[PDB]
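Asker: Quick one: experimental structure and sequence below.
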Amino acid sequence: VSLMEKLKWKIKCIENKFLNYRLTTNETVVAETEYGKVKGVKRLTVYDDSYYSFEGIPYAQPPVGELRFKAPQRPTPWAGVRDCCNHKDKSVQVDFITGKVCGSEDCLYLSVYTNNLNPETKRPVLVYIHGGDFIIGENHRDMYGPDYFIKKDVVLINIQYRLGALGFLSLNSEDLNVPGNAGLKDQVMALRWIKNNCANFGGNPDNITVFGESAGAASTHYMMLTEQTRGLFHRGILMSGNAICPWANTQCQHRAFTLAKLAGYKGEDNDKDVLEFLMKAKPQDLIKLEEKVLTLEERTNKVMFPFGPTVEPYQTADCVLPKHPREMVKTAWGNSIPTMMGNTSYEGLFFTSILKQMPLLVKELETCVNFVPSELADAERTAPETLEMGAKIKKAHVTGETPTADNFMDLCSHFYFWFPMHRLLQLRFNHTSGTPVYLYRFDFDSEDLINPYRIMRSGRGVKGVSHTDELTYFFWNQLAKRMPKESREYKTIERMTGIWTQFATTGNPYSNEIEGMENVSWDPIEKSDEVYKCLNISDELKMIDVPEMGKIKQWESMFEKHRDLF
Ligand SMILES: *[B]([O])([O])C1=[C]C(OC2=[C][C]=[C][C]=[C]2)=[C]C(Br)=[C]1
């Protein structure tokens, strides 16, 4: 971080501030929810479009007090009208910009947007789950503005959910009712709310699409895997992630003690005692100490968060993940809804700033043993079999005698995204209804329009399409500008929100009404397919064999002697 980027992020927080009231109209409106009436307000986009905005709709009790670390509870209804013209606070988290803890425990809200409260027809409902490694993110319009999607005749709903330890503490003791995955349970409860209330905003509750990017894609997939949500929605879109990514699940039941100890707990390792301590701690303290929880061994083995989705140690009424994600795929109801999956063309560029701070990471590619799937690798990663498996990875990404920064980030594309996509596609094909899955490859590179995560990746002036680079063409953010209607950037916004709304409506992403898609023939992946085909989205829209396929089969060959684990 810079002093520089702490300062003008705050003045474009000042410009957000002013422009949010400027682009507001004095036209307010009331809507029906099964919990009572809510009061929204009409807003304008910098494209002179307009939409109704309902923010701060609670779908659960504020998870404070004795409700902390607990499954979400249905909220208390209200007579009169609830104010929904201003956003609530985000989940407690460390500001990636300022390094300071922000947000509140009082964060279980969703936001509803639509350009027409009274449409003539029941509209497709799109529900977005933000990423942020399960430790940051929000549904504020400074990061996730609905301004592009409201050009289309859909209803868009952005949800929040508990993050970090507050969302994902897990204790083994049945007595304590902290089994884990509270934040996933937040998502469940918000989905249920959406099914039972979207009609009152003009949305068709029989045509609901859930989508998310990163941890948000892992989350979307989890919502497709769990029994808790069966039939609640009808399409799913997984943007750069899924539930069987190695990073998307962790056994964290031992780390609550560690967190307590970091926070000053005195006493023995006892779940009851640890929980009581954690229950009284200041929220901002737990969240800031979270970054010290992972051990050296865990960081080496590529654990990406201390507290995240987990296999719950016992079942409860609200249990979301009763088994390993791979096992859940076997009977997943979401296996049988139309699905779109995709990745950017240089995902791993995202890890630039991490790489910059920890340059020695590039030496991991000397043997690549640390990137071998942990289920295949030995503990110390010194076994000859592990060296052999690492050599397969090395041959896939190391271009010279010595690995470089870019070899590292190319490998990261596969470890984190492409290889888990391939494993999911294949696992799902062995247990699916035969409903279609479509692949996209987002390959549109621009420096003229960006989003705040570009700063995170320290990609202020790099070349390639990094993880999260596509969000820019879906959502308004406080760094966005009005772009010329003729610009390559404006044309991509229309294409992206176009394909996403087309898929949401029909379960098929192709429309000849989309500019650049005339010669496109977008078929889904078949079980018999040996090479994946994808819509490559660049300045042109082109159906191509996935370029990453060779490297994908190379990773797959690590499982030659262990096919049962693939
Ligand atoms: B996605 O936004 O959920 C996402 C984010 C990150 O961010 C991290 C985490 C740890 C170290 C560096 C960057 C990683 C992944 Br994979 C996915």
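Answerer: Arrived safely. Numbering: from 1, shown residues only.
Asker: For the rest of this, base every contact and every neighbour count on C-alpha atoms.
Answerer: Fine.
Asker: Check which residues of stretch 167-184 are buried.
Answerer: Residues of stretch 167-184 classed as buried by neighbour count (16 or more other C-alpha atoms under 10 Å): 167-172, 177-184.
Asker: does any part of it sit near the ligand?
Answerer: No: against the ligand, stretch 167-184 shows no contacts by C-alpha under 6 Å from any ligand atom, the least distance being 13.7 Å.
Asker: Take the buried residues of stretch 167-184 and keep only those in helices.
Answerer: Using DSSP state H, 167-168, 182-184 are the members of the buried residues of stretch 167-184 that sit in helices.
Asker: out of the buried residues of stretch 167-184, who's nearest residue 435?
Answerer: The closest of the buried residues of stretch 167-184 to residue 435 turns out to be residue 184 (C-alpha to C-alpha; 25.3 Å).
Asker: what sits against the closest one?
Answerer: 161, 219, 222, 309, 320 (C-alpha atoms under 8 Å, 6 or more residues apart in numbering).
Asker: Burial check on the third one, number of neighbours?
Answerer: Right, the one you point to is residue 222. Using other C-alpha atoms under 10 Å, residue 222 is surrounded by 27 other residues.
Asker: Need the three-state assignment for the residue of the stretch 401-550 of the chain found nearest the ligand.
Answerer: Here the stretch 401-550 of the chain gets closest to the ligand at one residue, residue 416, 5.5 Å apart by C-alpha to the nearest ligand atom. Per DSSP: H, G, I helix; E, B strand; the rest coil, the secondary structure class of residue 416 is helix.
Asker: That one and residue 403: what is the separation?
Answerer: Separation of residue 416 from residue 403 (C-alpha to C-alpha, to the nearest Å): 19 Å.
Asker: can you check residue 444 too?
Answerer: For residue 444, the distance to residue 403 - C-alpha to C-alpha - is 27 Å.
Asker: again, but for residue 146
Answerer: 42 Å.
Asker: and what of residue 545?
Answerer: From residue 545 to residue 403 the distance is 27 Å (C-alpha to C-alpha).
Asker: More neighbours: the two, which one.
Answerer: residue 403 (18 against 13).
Asker: isn't there a strand covering that one?
Answerer: No: in this structure, residue 403 is coil, not part of a strand, as judged by three-state DSSP.
Asker: residues touching it, list them.
Answerer: Counted by C-alpha under 8 Å, 6+ apart, residue 403 has contacts 362-363, 365-366.
Asker: Also residue 452?
Answerer: 143, 477, 479.
Asker: Equivalent analysis for residue 24, please.
Answerer: 41-44.
Asker: same thing but 10 Å
Answerer: By C-alpha atoms under 10 Å, 6 or more residues apart in numbering, the residues touching residue 24 are 41-45, 50-51, 53, 85.
Asker: can you count the residues close to residue 44?
Answerer: Neighbours of residue 44 (other C-alpha under 10 Å): 19.
Asker: number of nearby residues for the closest residue to it other than its chain neighbours?
Answerer: Of all residues not flanking residue 44 in the chain, residue 50 sits nearest, at 4.4 Å (C-alpha to C-alpha, 6 or more residues apart in numbering). Applying other C-alpha under 10 Å, we find 20 residues neighbouring residue 50.
Asker: which residues sit in contact with residue 50?
Answerer: Residue 50 touches 23-25, 42-44, 114-116, 147, 150-151, counting by C-alpha under 10 Å, 6+ apart.
Asker: Quick one: buried ones out of those?
Answerer: 24, 42-44, 114-116, 147, 150-151.
Asker: of all those residues, which comes closest to residue 379?
Answerer: Nearest member of the buried ones among the contacts of residue 50 to residue 379, counting by C-alpha to C-alpha, is residue 147, at 48.9 Å.
Asker: just checking, residue 1 touches residue 97?
Answerer: Yes: Residue 1 lies in contact with residue 97 (C-alpha atoms under 10 Å); the separation is 6.6 Å.
Asker: Of those two, which one has the most company?
Answerer: For residue 1 and residue 97, the more surrounded residue by other C-alpha under 10 Å is residue 97, and the numbers stand at 18 against 13.
Asker: Just the buried residues of the longest helix along the chain, please?
Answerer: Determined from DSSP H, the single longest helix within the chain is helix 488-506. For helix 488-506, a neighbour-count test (16+ other C-alpha under 10 Å) marks 488-505 as buried.
Asker: moving C-terminal of it, what's the next helix or strand?
Answerer: For helix 488-506, the succeeding helix or strand toward the C-terminus, using DSSP states H and E, is strand 533-537.
Asker: Can I get the next helix or strand after that following strand as PDB, trimmed to CA atoms?
Answerer: Using DSSP H and E, the helix or strand that follows strand 533-537 towards the C-terminus is strand 541-545. The C-alpha trace of strand 541-545 is given here as PDB (Å, rounded to 0.1, in the frame of the first residue of the first chain):
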ATOM      1  CA  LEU A 541     -16.000 -13.100 -29.900                       C
ATOM      2  CA  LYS A 542     -14.700 -16.400 -31.100                       C
ATOM      3  CA  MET A 543     -15.300 -20.100 -30.400                       C
ATOM      4  CA  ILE A 544     -11.900 -21.700 -29.800                       C
ATOM      5  CA  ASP A 545     -10.300 -24.800 -28.300                       C
END
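Asker: Run the chain-centre distance for strand 541-545.
Answerer: 25 Å (C-alpha atoms, centre = their mean, to the nearest Å).
Asker: what's that strand in contact with?
Answerer: With C-alpha under 10 Å, 6+ apart, strand 541-545 has contacts from 439-444, 495, 514-523, 531-537.
Asker: Just the buried residues from those, in PyMOL please.
Answerer: The buried subset of those, as determined by 16+ other C-alpha under 10 Å, is captured in PyMOL by this line:
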select buried, resi 439+440+441+442+443+444+495+514+517+522+523+532+533+534+535+536+537
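Asker: re the thing from before, quickly list what's touching both of residue 1 and residue 97.
Answerer: Joint contacts of residue 1 and residue 97 (C-alpha under 10 Å, 6+ apart) are 455-456.
Asker: and the residue nearest the centre of the chain, what is it in contact with?
Answerer: Of all residues in the chain, the one closest to the mean position by C-alpha atoms, centre = their mean is residue 216, 1.7 Å from it. For residue 216, the contact set (C-alpha under 10 Å, 6+ apart) comprises 128-134, 137, 210, 222, 238-243.
Asker: how about the nearest residue to residue 483 once chain neighbours are set aside, what does it touch?
Answerer: Among residues not flanking residue 483 along the chain, residue 490 sits closest, at 5.9 Å (C-alpha to C-alpha, 6+ apart). Counting by C-alpha under 10 Å, 6+ apart, residue 490 makes contact with 148, 449, 473, 482-484.
Asker: what's the nearest residue to residue 240 if we skip its chain neighbours?
Answerer: Going by C-alpha to C-alpha, 6+ apart, residue 240 has residue 343 as its nearest residue, at 4.7 Å.
Asker: before we move on, what SS does residue 205 have?
Answerer: strand.
Asker: re earlier: give me the PyMOL select line for the contacts of residue 403, limited to the buried ones.
Answerer: Entered in PyMOL, the line below selects the buried ones among the contacts of residue 403, by 16+ other C-alpha under 10 Å:
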select buried, resi 362+365
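Asker: mind checking how far the residue of the stretch 401-550 of the chain closest to the ligand is from residue 192?
Answerer: Taking C-alpha to C-alpha, one finds residue 416 at 30 Å from residue 192.
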